[PDB]
Amino acid sequence: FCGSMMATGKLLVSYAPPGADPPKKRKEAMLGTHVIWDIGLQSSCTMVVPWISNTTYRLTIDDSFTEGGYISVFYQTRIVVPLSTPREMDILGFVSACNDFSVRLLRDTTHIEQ
Amino acid sequence: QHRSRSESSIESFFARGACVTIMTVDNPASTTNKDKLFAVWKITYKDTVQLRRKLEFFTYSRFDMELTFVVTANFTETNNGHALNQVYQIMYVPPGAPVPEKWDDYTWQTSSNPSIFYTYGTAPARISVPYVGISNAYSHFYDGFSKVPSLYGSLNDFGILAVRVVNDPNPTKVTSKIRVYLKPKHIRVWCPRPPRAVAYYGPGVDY
Amino acid sequence: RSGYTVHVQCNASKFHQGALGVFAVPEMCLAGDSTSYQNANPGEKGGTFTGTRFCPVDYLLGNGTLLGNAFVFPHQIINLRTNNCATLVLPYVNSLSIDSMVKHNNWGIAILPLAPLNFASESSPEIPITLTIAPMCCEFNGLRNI
């Protein structure tokens, strides 16, 4: 969260597991697996997505899967500011792989042909 | 410390006898054959302001009752004919039993209903009723309904008191009044609440 | 049967002022100004008191008793300049050792502004209040189908 130091509020970060369509209302997401991130005493929120699959490996490029889960952010609470402080904030996101990630069956398709 | 808190105790604050009802009966003249009156009154504290208001400080309660009866009589006309001494039947009908509907009736026969026979001109009659209830305490306030989609706030059942005159009609009509004095005993209370003002109170928590 | 843990939170800045009171009334029989099962059970939406539908009177707490005495009930005070969170741990209260939940409401929770809300110019003109309820030591008997 890259807003002001004087802002306060709450956000809801929810994870929908594979095979479930994304939630559309805050109440639906509240009943799943979620965390309430409090803008005002923490500036960054972390969420670890675990490994779920019937097989030991999954294809990088696949079609018709339409699963894997989702990560959603919802307005649990409005954002309050003390004074003429700007009411427009920005948030950034970063993604990484944990220490149990792996890949195999090397495939390269780069080509500049015209 | 030479000051004690023993006069604000619950027993001291509550266990005091006060009149709750006046029940009128009479023995009519043997010439006119109108029905002999009998009295019926269901035991309830929601007619005495003081006792009720002192009970609404709390929500759950337990106590036994001590009942005393003060009987008085008088002739109701200037006649030289007189009457002999009178005996009164005072029947206590526990909670759940039928109530009398006529002066002569099987209800003044059942071995289940305990009665007192009191002869006029002697010490007042007295009895003690225990804690009679299906729950583990009375509830002055009850946030609930009997049937869900029905009465809003359960009512407590204590019994009934019926009274009549055993003597058959004299040639003189004589009218009698019995005053009932109730005294709670071994009382316990729970979960205090704010008291209400003196606005005639109300039948429920309505105002 | 079950107990509850209620956590109330208010999101406010350092330029807002006001005070809230949270009261936990056992057997909170309310009343309007005349009830049915529809009035006494508004659901998670809750209900709102009113001053001088079904809306009890705020200064009487809806049951004819003055608001000032309301502090006999379990209570807490949220003063925006000191703290903005409150927590109540409610045990199970009832005359019976266990009862039907669908018909009987054990507790009622009331939130009343003791001192109105005010703020510095151009701030947020209305702040949010959030409730979080957690049952504790639940247990049920008499399981039906479905």
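Definitions and cut-offs
- Residues numbered from 1 in each chain as written, not as in the entry; some residues may be left out.
- Chains lettered and ligands numbered in written order.
- Part of a larger assembly, values for the part shown.
- Heavy atoms only, no water.
- Contact = heavy atoms within 4.5 Å.
- Buried area = accessible area lost by both parts, 1.4 Å probe.
- Salt bridge = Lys/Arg side-chain N within 4 Å of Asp/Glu carboxyl O.
- Polar contact = N/O pair within 3.5 Å; in protein donor to acceptor, adjacent residues only side chain to side chain.
- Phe/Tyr/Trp six-rings, centres within 6.5 Å; stacked < 30°, edge-to-face > 60°.
- Helix = DSSP H or I, 4+ residues; strand = E, 2+ residues; numbered from the N terminus.
- Buried < 20%, exposed > 50% of the residue type's maximum accessible area, 1.4 Å probe, protein only.
- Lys NZ or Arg CZ within 6 Å of the ring centre and 35° of its normal.
- Pairing = 2+ DSSP bridges.
- Axes fitted to C-alpha atoms, helices over the stretch in contact; angles between N-to-C directions.
- 1 Å grid on protein atoms, 1.4 Å probe; cavity = no way out; pocket = protein on both sides within 12 Å on 5 of 7 lines; lining within 4 Å.
- Points joined across faces, edges and corners; volume = space filled by probe spheres on them.
- Nonpolar A, V, L, I, M, F, W, Y, C, P; charged D, E, K, R; others polar.

Looking at the method and resolution fields of the entry, one finds cryo-EM and 3.0 Å.

(A) Representation of the interface of chain C and chain A in the model. Contacts between the two partners involve 12 residues from chain C, matched on the other side by 13 residues from chain A. Taken over both partners, the interface formed by chain C and chain A buries close to 1,100 Å², and the fraction arising from carbon and sulfur atoms is 55%. Three residues, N11, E122 and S124 of chain C, lead the burial of chain C against chain A; their summed loss comes to 39% of the area buried on that side. Linking chain C with chain A are zero salt bridges. Applying the counting criterion to the chain C and chain A interface returns four residue pairs in polar contact.

(B) Spotlight on the packing of aromatic side chains. All names here are of chain B. What the rule picks out here adds up to 12 aromatic pairs over all chains. Here the aromatic rings of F63 and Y138 are separated by 5.3 Å at their centres, their planes lie at 70 degrees, and the arrangement is edge-to-face. Residue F63 is located in strand β3 (residues 60-75), and its partner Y138 is located in strand β7 (residues 138-139); the two are separated by 75 residues in the primary sequence. Comparing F63 with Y138 shows no difference in burial state: the two are buried. Three or more aromatic residues joined by ring pairs make a cluster, and in this case those are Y45, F63, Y131, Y138 and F158. Stacked on the ring of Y131, the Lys or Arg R62 has its end atom at 4.2 Å from the ring centre.

(C) Examining the sheet that holds strand β5 (residues 115-119) of chain B more closely. Residue and element names in this part refer to chain B. An order of β2-β8-β4-β5 is seen for the four strands of this open sheet, with the pairing classed as antiparallel. The strands lining the two open edges of the sheet, one partner per strand, are β2 (39-42) and β5. Taken over all neighbouring pairs, the strand axes of this sheet differ in orientation by 15 degrees on average, direction set aside.

(D) Broad picture of the pairing of strand β9 (residues 174-190) of chain B. Of the pairings in the sheet, the one linking strand β1 (residues 18-27) of chain B to β9 of chain B comprises nine bridges and is antiparallel in character. Bridge pairing in β9 of chain B links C19 of chain B to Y181 of chain B.

(E) Representation of the layout of surface pockets in the model. Residues and elements named next belong to chain A. In this structure, the second largest pocket occupies an estimated 1,900 Å³ of space. In terms of lining, the second largest pocket is formed by 38 residues, of which the most central are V49, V95, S96, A97 and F101. If you list the elements that add at least two residues to the lining of the second largest pocket, you get β1 (9-16) and β3 (70-75). Looking at the lining of the second largest pocket, its residues break down into 26 nonpolar, eight polar and four charged.

(F) Fine view of the sheet that holds strand β5 (residues 107-119) of chain C. Residues and elements named next belong to chain C. Read across the open sheet, the three strands follow the order β3-β2-β5; overall the sheet is antiparallel. Either end of the sheet is taken by a strand with one partner, and the two such strands are β3 (75-79) and β5. Between one strand and the next, the sheet's axes are offset by a mean angle of 10 degrees, whatever the strand orientation. As defined by bridge partners, strand β2 (residues 16-26) adjoins β3 across five bridges and the pair is classed as antiparallel. Residue pairing across strands places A19 opposite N79, the latter belonging to β3.

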